[PDB]
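Side chains included, hydrogens not; waters and symmetry mates left out as well; all remaining heavy atoms used. Chain letters run A, B, ... following the sequence lines, proteins first, then strands; residues in each count from 1.
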Amino acid sequence: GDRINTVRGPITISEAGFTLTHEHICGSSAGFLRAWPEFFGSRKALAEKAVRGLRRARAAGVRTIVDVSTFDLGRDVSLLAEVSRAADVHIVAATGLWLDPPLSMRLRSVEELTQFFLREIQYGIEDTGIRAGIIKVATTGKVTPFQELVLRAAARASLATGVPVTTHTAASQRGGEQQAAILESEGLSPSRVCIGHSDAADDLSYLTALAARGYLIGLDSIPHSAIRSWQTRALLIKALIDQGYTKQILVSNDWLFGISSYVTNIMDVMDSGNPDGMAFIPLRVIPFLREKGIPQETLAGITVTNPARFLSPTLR
Amino acid sequence: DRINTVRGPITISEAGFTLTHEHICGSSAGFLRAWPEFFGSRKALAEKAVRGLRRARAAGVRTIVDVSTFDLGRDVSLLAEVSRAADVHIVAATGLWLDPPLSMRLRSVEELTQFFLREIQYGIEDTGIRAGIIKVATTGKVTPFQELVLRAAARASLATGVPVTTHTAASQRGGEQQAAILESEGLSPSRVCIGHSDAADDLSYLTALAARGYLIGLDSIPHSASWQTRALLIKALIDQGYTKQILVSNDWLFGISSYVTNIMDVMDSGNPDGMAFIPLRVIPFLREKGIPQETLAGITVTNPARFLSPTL
Ligand SMILES: C[As](C)(=O)[O-]
Ligand SMILES: C[As](C)(=O)[O-]
Ligand SMILES: [Zn+2]
Ligand SMILES: [Zn+2]
Ligand SMILES: [Zn+2]
Ligand SMILES: [Zn+2]
């Protein structure tokens, strides 16, 4: 407690400011940006596009992003440090595993995965020293055996360091419920867990029941509807406020500036559907919520206070 | 006239005794740099590799071909460090093995062709260290994505002259499906090694491929360590007239993360010779069976040189 690790070193919690808690510089695969940078035009072209997009978001009020790219999403932390410095936006890096682990991860025990997540939080990522400030885990269906090991290793690393856990779900399958059961079996407090992609939920009662248990609800992919409207997703934010669960809400774009882990040219399709990029939350969602009558203090709580509480390393 | 190595180009006569299917590390993309303590440390793995390569050099090896691809975790800076310190030539590979990430799996044949060309003609990552071989792995009857990898490999080989080497299940005669695809792209069989052929129960499968001009990779002899029975496949192909089609190797590794933990210790206990197994055990065994030294030198020196020299 008192400081959050970022790609340019520790910051105090008051420095984080407006924080987008689920974003990516680049959605890729381990080793890929280094082995084939011209897939993105060039490494310099991707960095320049990410710096302009982050400066765009900064001019709309954002001061920090949490890049929830794991090892297997190709998360290159040296790129994050470079674009963080050039944009003057803090970036929190992640450990954990997403949905494309290679064999060298897939064959590991829970104890081995715990030591890997442990290494990225406590020592540093690769040979850069940059330490992770969050653990990202993805699951599908009812949670596969390997995904259950990842959740348990994540809980273990969280309990030893205080850094929170954030998840990838299918809300339409109520996937947070299985995640929550596994993480609680490990002794992890719900207040150290964000159940992500909860904006895609059709069932408000699924979200209300997780919030009432203390989970953070990641309404984190609002503009993916702009490519069910985005205003319908944003109304889940108002619904949880009106139910008294403002403190449980985290809002983000889930944007990216380059994508190789999908069909070629998807980034162009996405950018034409959401030209605001990571500024979509502050330029479109926040004004929409204001016009629906949500007061300033509540919107500042969601965008500043809740991420600060969530990211502050806590064992209390 | 020259072959790319991790220390730059060398002339064909420099390659000498060549093991054409080996690995410094069997891992996954990004993994050695993200989690080097899995191997004790990066330094410990490099030290183990240098000890093993120096042992192979003392036994007569002068070059190895490291057929680790991107998705086997190939770390061509590690290869360069241990090539220099062992003073053993290492040829690096492009291509794809059996664990491509989404960023590779979702690519077209044209995109994959550009990636393999990038690693042969420009360099691997930002090291400028060019690949001298293309490695391709397939499973059953060849999946749709594996077929794209073979076609891109054939295209890259036709544009550069560098050869193609494969991973099969010899028990499934996988080289027949591989060869049909490669030939549909116009690739000469003389620029293809069908690997893991030592595991075959069917000599007919190997002789038919050799009769078409394929190189036969009898590359995993010490993994069976009977290894004697696998080595007699070398004699069988010699006796049928196919000496010039034979390539032999150990398929050894100095670290392994792409498998259950501690497999490396099991392997090192069964084969303490490591990469020196071929020169110290297989070559003398074949000589005792009456194969002339000149034939063994052709298999370990001339065939490798003919295969690696870029052609067309
Ligand atoms: C990289 As994603 C679509 O799971 O946020
Ligand atoms: C890395 As292998 C066992 O296919 O030679
Ligand atoms: Zn996700
Ligand atoms: Zn995401
Ligand atoms: Zn193989
Ligand atoms: Zn191999």
What is the distance from atom [atom1] of [X] to atom [atom2] of [Y], rounded to the nearest 0.5 Å?
X	Y	atom1	atom2	result
A:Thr114	A:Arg152	OG1	CZ	11.0 Å
B:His21	B:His196	NE2	NE2	4.5 Å
A:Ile65	A:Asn253	CD1	CG	9.5 Å
A:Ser158	A:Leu188	OG	CG	4.5 Å
A:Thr6	A:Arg131	OG1	CZ	11.5 Å

Query raised in the report: With respect to chain A, which residue among B:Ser108, B:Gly30, B:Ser28 yields the maximal number of heavy-atom pairs within a distance under 4.5 Å?
Result: B:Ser28
**Report entry** chain A contacts, top residue of B:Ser258, B:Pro100, B:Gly26, B:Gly123 (heavy-atom pairs, under 4.5 Å)
**Finding:**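 Answer, by heavy-atom pair count under 4.5 Å with chain A: B:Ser258.
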**Report entry** Members of residues 33-46 of chain B whose heavy atoms come closer than 4.5 Å to chain A
**Finding:** B:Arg33, B:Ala34, B:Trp35, B:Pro36, B:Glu37, B:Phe38
Report summary line: Listed by number, the residues in residues 70-79 of chain B that come under 4.5 Å of chain A (heavy atom to heavy atom) are B:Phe70, B:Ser77
Query - Any B:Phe145 side-chain heavy atom under 4.5 Å of B:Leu112 side chain - result: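 Yes, close enough: below the 4.5 Å cut-off.
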Query raised in the report: Any side-chain heavy atom of B:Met267 within less than 4.5 Å of one from B:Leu253?
Result: yes
If we count only N and O atoms by modelled type, under 3.5 Å, do the side chains of [X] and [Y] hold a donor and an acceptor together?
X	Y	result
B:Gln178	B:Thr168	no
A:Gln178	A:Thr139	no
A:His90	A:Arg8	no
B:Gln121	B:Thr160	no

Requested in this report: Sort B:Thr127 into side chain, backbone, both or neither according to what part of it lies under 4.5 angstrom from a heavy atom of chain A.
Outcome: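 Just the side chain, heavy atoms under 4.5 Å.
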